[PDB]
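First up is the structure itself, then whatever we jot down about it.
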Amino acid sequence: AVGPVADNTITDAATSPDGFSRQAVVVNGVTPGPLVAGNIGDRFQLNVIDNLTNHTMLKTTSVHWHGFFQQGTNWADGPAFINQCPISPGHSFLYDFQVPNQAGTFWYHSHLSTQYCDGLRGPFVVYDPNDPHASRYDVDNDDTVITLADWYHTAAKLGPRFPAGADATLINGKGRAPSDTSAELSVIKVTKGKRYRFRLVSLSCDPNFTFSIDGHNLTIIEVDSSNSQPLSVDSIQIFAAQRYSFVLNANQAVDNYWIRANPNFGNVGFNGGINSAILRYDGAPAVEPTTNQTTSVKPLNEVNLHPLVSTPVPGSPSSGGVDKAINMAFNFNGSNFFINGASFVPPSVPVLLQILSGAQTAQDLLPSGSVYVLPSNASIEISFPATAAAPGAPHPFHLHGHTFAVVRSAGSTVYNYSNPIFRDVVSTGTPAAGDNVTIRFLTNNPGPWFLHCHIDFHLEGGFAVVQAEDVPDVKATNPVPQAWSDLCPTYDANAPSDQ
Ligand SMILES: *[C@@H]1O[C@H](CO)[C@@H](O[C@@H]2O[C@H](CO)[C@@H](O[C@@H]3O[C@H](CO)[C@@H](O)[C@H](O)[C@@H]3O)[C@H](O)[C@H]2NC(C)=O)[C@H](O)[C@H]1NC(C)=O
Ligand SMILES: *[C@@H]1O[C@H](CO)[C@@H](O[C@@H]2O[C@H](CO)[C@@H](O)[C@H](O)[C@H]2NC(C)=O)[C@H](O)[C@H]1NC(C)=O
Ligand SMILES: [Cu+2]
Ligand SMILES: [Cu+2]
Ligand SMILES: [Cu+2]
Ligand SMILES: [Cu+2]
């Protein structure tokens, strides 16, 4: 919709996506924010204009472009105090980056504190004119993007540290809460006889969602920006920050069908049309579906997903057969999460700025014990053993700057070194199953890259580490614009009540 070159204006505004009015952070007047789009090869120049006025939801901001490698533009990645200081209120900041080697479904969100939960999140699509899946569908446009979100009546800083589920699930920005069971539902329109590439984007800040459409099956063709072989499913459990493209054939009777996105906790089920939207065939009356849900008999399993094209797994086909193996031991003490004994606290000098200032070893980099220095041009294996020591499972972990092979998925004891799916957000499963979700990637991208749980409340409690990749080359590889250099002095000159 907007972009590749566009202004994104950030403001606080009253919204009522479920009929309950509340102040939120909005992008060009709306939450979820508008669709940002371009084509593979494009240069994006997204001018983020911070016109925020509300300290409780943060007057400063920083935007992450989720799933993009940002090779040579690490300064544009978004995480506050990792890749930049926040943009200050009354200022604007230009994110200027290219997407030469990626296409698919992405999203964008605040990467400052828990601000994205308050509304600053939207979908982001990069189209491929030669899409290898093009023959599988007829329609792929603004109207085929489906966003899912958790929505809270109380602002992120004002409610419990770890909320017990959302008030409403939003599908394309609308949904029902208990407080109003007649609130307007989203309608997704289809013309009978056409095949649609639906790009399902989880903008969720906590809960995962089990997504299904009554009377319709789905063909998964994309997994977080990576093209997959066509997998036929009748439901999709989608974790916070994940994306899927699925093909829906609009081949059923002209009618209204329930679209369902059932959260893992909170207000579960569908009483009064909560957790729901409407699939309306052209010509069907403007009423609610009366369709019934059927048991999922072909649910998505991550182990069933494989890349469309042969994609080699980094390293060699054996446990720890990589250049560097890292294990992440989780802890939690009631308020903070710890990875290998360290709870992440953002440094005063952003990690990138520290590196540009000469800090190139784990010893010199802050915060102490949260930064992992990675050798260049190397295969890396990271395991995330599920433990009851860290409540809140299943934790979806996200690695910035990279896609990774999921060598072992949640619910599986298999190590797949041949043809596992590659993605950027992975469920780390549950301790009950003794899960030990393990990933692999190559260090082809100099810069500090965040690695964290994407449940934003957990990130906020410190559930994060930094992967500092090829530190001696970072400065040369990612030359920084004057505006970026100006962010920290400006931010540090703010009255704390204007932050
Ligand atoms: C800054 O943004 C915050 C967070 O969105 C706003 O906080 C809001 O603060 C008011 C209290 O002034 C809360 O009002 C309570 O509202 C409920 C629901 O309507 C009502 O039943 C209570 O009697 C009471 O009025 C409100 O819940 C809270 N908002 C959220 C989303 O947590 C604050 O108002 C904003 N500042 C400005 C100047 O707009
Ligand atoms: C979606 O996929 C499911 C699962 O394959 C299909 O369910 C089969 O449906 C036929 C015809 O109604 C029955 O004979 C079988 O018993 C069903 N199999 C199972 C395991 O449930 C369903 O038909 C598909 N729906 C559409 C609209 O294509
Ligand atoms: Cu993200
Ligand atoms: Cu990301
Ligand atoms: Cu988590
Ligand atoms: Cu992140």
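For neighbour counting, all protein chains shown are included, and Cβ atoms are generated from backbone atoms with ideal geometry for every residue, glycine included. Basis: the model, the stated rules and, where named, an outside source; no laboratory read-out is quoted.
Of all residues in region 269-282, those satisfying the criterion of being assigned to a loop (DSSP other than H, G, I, E, B) and touching a residue at least 60 places away in the same chain (Cβ under 8 Å) are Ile274, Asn275, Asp282. Checked against the criterion of being more than 29 Å from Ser62 (Cα to Cα) and surrounded by 18 or more Cβ atoms within 10 Å (Cβ to Cβ), region 363-381 contains one or more residues that satisfy it.
Across region 389-401, which residue is farthest from ligand 1 (Cβ to nearest atom) among those that are assigned to a loop (DSSP other than H, G, I, E, B) and not aliphatic (A, V, I, L, M)? Out of the qualifying residues, it is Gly401. Of all residues being small (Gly, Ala, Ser) and over 16 Å from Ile421 (Cα atoms) in region 190-247, which is farthest from ligand 5 (Cβ to nearest atom)? Just the residue, please. Filtering first and then ranking leaves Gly193.
For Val437, are the conditions met, namely being more than 19 Å from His66 (Cα to Cα) and more than 16 Å from ligand 2 (Cβ to nearest atom)?
Numbers: more than 19 Å from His66 (Cα to Cα): yes; more than 16 Å from ligand 2 (Cβ to nearest atom): yes.
Taking the combined requirement at face value, the residue satisfies it.
Looking at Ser113, is it surrounded by fewer than 16 Cβ atoms within 10 Å (Cβ to Cβ), hydroxyl-bearing (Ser, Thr, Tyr) and closer than 20 Å to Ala24 by Cα? The answer is no for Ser113. Elements of the type helices (runs of 4 or more DSSP H) sitting completely within region 402-497 and holding at least 2 residues that are without any contact (Cβ under 8 Å) to a residue 60 or more places away in the chain and either surrounded by fewer than 18 Cβ atoms within 10 Å (Cβ to Cβ) or in the same structural domain as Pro207 (by CATH) (or both): these cover 482-485. Checking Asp50, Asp77, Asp96 one by one, the residue that is farther than 21 Å from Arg199 by Cα and within 16 Å of ligand 3 (Cβ to nearest atom) is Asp77 and no other.
Search region 112-124 for residues being of a type outside the set (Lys, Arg), under 13 Å from the mean Cα position of the chain (by Cα) and more than 16 Å from ligand 5 (Cβ to nearest atom), and hand back the single one that is nearest to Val63 (Cα to Cα).
If we filter region 112-124 for residues that are of a type outside the set (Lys, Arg), which is where we start, we get 112-120, 122-124.
Filter again for under 13 Å from the mean Cα position of the chain (by Cα), leaving 116-117, 120, 122-124.
Pick out the ones that are also more than 16 Å from ligand 5 (Cβ to nearest atom) and you get 120, 122-124.
Values: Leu120: 9, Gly122: 11, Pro123: 13, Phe124: 12 Å.
Across region 112-124, the extreme among qualifying residues is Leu120.
Can you find a residue that is among the β-branched types (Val, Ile, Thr), within 16 Å of ligand 1 (Cβ to nearest atom) and surrounded by fewer than 19 Cβ atoms within 10 Å (Cβ to Cβ) anywhere in region 178-200? Checked against the condition, which is being among the β-branched types (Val, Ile, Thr), within 16 Å of ligand 1 (Cβ to nearest atom) and surrounded by fewer than 19 Cβ atoms within 10 Å (Cβ to Cβ), region 178-200 yields no hits at all. Could you tell me whether region 289-299 includes any residue that is aliphatic (A, V, I, L, M), farther than 30 Å from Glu184 by Cβ, in a loop (DSSP other than H, G, I, E, B) and touching a residue at least 12 places away in the same chain (Cβ under 8 Å)? Yes: one or more hits.
Any idea which residue in region 8-36 is farthest from ligand 3 (Cβ to nearest atom), counting only those that are hydrophobic (A, V, I, L, M, F, W, C) and touching a helix residue (DSSP H, G or I) at 6+ places or on another chain (Cβ under 8 Å)?
Keep residues of region 8-36 that are hydrophobic (A, V, I, L, M, F, W, C), which gives 10, 13-14, 20, 24-27, 30, 35-36.
From what is left, the residues that are touching a helix residue (DSSP H, G or I) at 6+ places or on another chain (Cβ under 8 Å) are 24-25, 35.
On the way: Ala24: 18, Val25: 16, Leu35: 16 Å.
Restricting to residues being hydrophobic (A, V, I, L, M, F, W, C) and touching a helix residue (DSSP H, G or I) at 6+ places or on another chain (Cβ under 8 Å), the top hit is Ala24.
Scanning region 219-262 for residues being under 24 Å from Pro100 (Cα atoms), among the hydroxyl-bearing types (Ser, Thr, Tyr) and more than 16 Å from ligand 6 (Cβ to nearest atom) gives a total of 4. The condition of being at positive phi and more than 19 Å from the chain's Cα centre (by Cα) holds for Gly3.
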